[PDB]
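This document starts with one chain, in the form deposited in one PDB entry, laid out as structure tokens.
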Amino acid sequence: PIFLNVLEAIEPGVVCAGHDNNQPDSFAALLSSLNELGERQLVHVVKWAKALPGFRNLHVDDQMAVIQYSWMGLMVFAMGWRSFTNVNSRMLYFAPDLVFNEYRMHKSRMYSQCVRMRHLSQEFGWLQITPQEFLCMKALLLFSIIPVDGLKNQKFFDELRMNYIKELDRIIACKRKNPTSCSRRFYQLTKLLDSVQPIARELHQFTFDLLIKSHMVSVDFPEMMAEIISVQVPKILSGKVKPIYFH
């Protein structure tokens, strides 16, 4: 299981937000912690992504762009899985020091998005997603959103994406003799992966509007995140950069 060995080997560890939980909840504090946590996780998504089999095959410029576009969705998918395994979807497990109950979901002003992520979290359970399916689906997620005008080396991207789909096939075929069984499973998983995109979009829209009025709500936007929200996120929102849906 060479491929799976690698994914398990590079899977990021626990990342904390640095949030002050002895402090009464406030929109400003929660969001500053969400921004900090997001920036902390990106550091790991970068090290993780660059260690992915075949990732270096991509053109330099395409590697960064792909990470930046997939950033939100990758965090959403992993957060849902954490919420499922840690608290059985009872709450959103952004980080051990940043757990959201409905009250926090409401005070964050991202309640609708959070409810969609709790549902995602429940999906991991209902579909009985295995730890290995999760790891392959996550890696696959990284290669599921590109520019309409294409990447610098679109062909190397296509091959890579195809190879990751094949890996998912293999993990599904493993311990499944009936193709019909493999087919339904592939159907379920690709359906789950697609569902992540609309979620990231709402978060993208939400974060973008917040940045634009950040000086009003007293939100301190990290330098790196600010740049990406103003340079990359608008491409996704304006339709220049779109996710690849299966269905």
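Superpose the two forms; the largest set of C-alphas matching within 1.5 Å is the rigid core. The first residue of the shown sequence is 1; numbering continues from there. Only residues modelled in both forms are compared.
Colleague: In the PDB record, does 179-187 or 33-41 carry the higher mean Cα temperature factor?
Modeller: According to the PDB entry, the answer is 179-187.
Colleague: Compare the mean C-alpha B-factor of 191-199 with that of 218-226 as given in the PDB entry, and name the stretch with the higher value.
Modeller: Stretch with the greater average CA B-factor: 218-226.
Colleague: What's the residue among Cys114, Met137, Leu98, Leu151 with the greatest CA temperature factor in the PDB record?
Modeller: In this record, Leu151 carries the highest C-alpha B-factor of the candidates.
Colleague: Between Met75, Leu92, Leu127, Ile146, which one tops the list for C-alpha B-factor in the PDB entry?
Modeller: Highest C-alpha B-factor among the listed options: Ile146.
Colleague: Give the position of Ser83 by CA B-factor within its chain, expressed as the lowest, middle or highest third.
Modeller: Tercile = lowest for this residue's CA B-factor.
Colleague: Which third of the chain does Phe156 land in by C-alpha B-factor: lowest, middle or highest?
Modeller: Highest third - that is where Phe156 ends up once the chain's C-alpha B-factors are sorted.
Colleague: Would you mind ranking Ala51 by its C-alpha B-factor against the rest of the chain and naming the third, lowest, middle or highest?
Modeller: Middle third of the chain for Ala51's C-alpha B-factor.
Colleague: Quick check on the deposited entry: does the C-alpha B-factor of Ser70 sit in the lowest, middle or highest third of its chain?
Modeller: As the PDB entry reports it, the C-alpha B-factor of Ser70 lands in the lowest third of its chain.
Colleague: What third of its chain's C-alpha B-factors does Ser26 belong to: lowest, middle or highest?
Modeller: Answer is highest: the recorded C-alpha B-factor places it there.
This next part talks about the form solved in complex with a partner chain, which is not shown.
Colleague: Looking at heavy atoms inside 4.5 Å, which stretch does its partner chain contact in the bound PDB entry, given the options 61-69, 26-34, 186-194, 202-210?
Modeller: Result of the contact check: 61-69.
Colleague: Using heavy atoms and a 4.5 Å cut-off, decide whether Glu102, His215 and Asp220 all contact its partner chain in the bound PDB entry.
Modeller: Negative, none of the three is within 4.5 Å.
Colleague: In the bound PDB entry, does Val233 come within 4.5 Å of its partner chain, counting heavy atoms only?
Modeller: Answer no; every heavy atom of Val233 is more than 4.5 Å from its partner chain in the bound PDB entry.
Colleague: Does the 4.5 Å heavy atom contact test between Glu227 and its partner chain in the bound PDB entry come out positive?
Modeller: It does: once its partner chain is placed as it appears in the bound PDB entry, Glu227 has a heavy atom within 4.5 Å of it.
Colleague: So, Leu52 and its partner chain: in the bound PDB entry, are they within 4.5 Å at any heavy atom pair?
Modeller: Residue-level check for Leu52: no, no contact with its partner chain.
Colleague: Does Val46 make contact with its partner chain in the bound PDB entry, using a 4.5 Å heavy atom cut-off?
Modeller: Taking the distances in the bound PDB entry, the answer for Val46 is yes, it comes within 4.5 Å of its partner chain.
Colleague: Enumerate, in order of sequence, every stretch of at least three consecutive residues present in both forms where each C-alpha is displaced by 2 angstroms or more between this form and the one not shown, superposition done on the rigid core.
Modeller: That run whose C-alphas all shift by 2 Å or more is 173-179, the only one.
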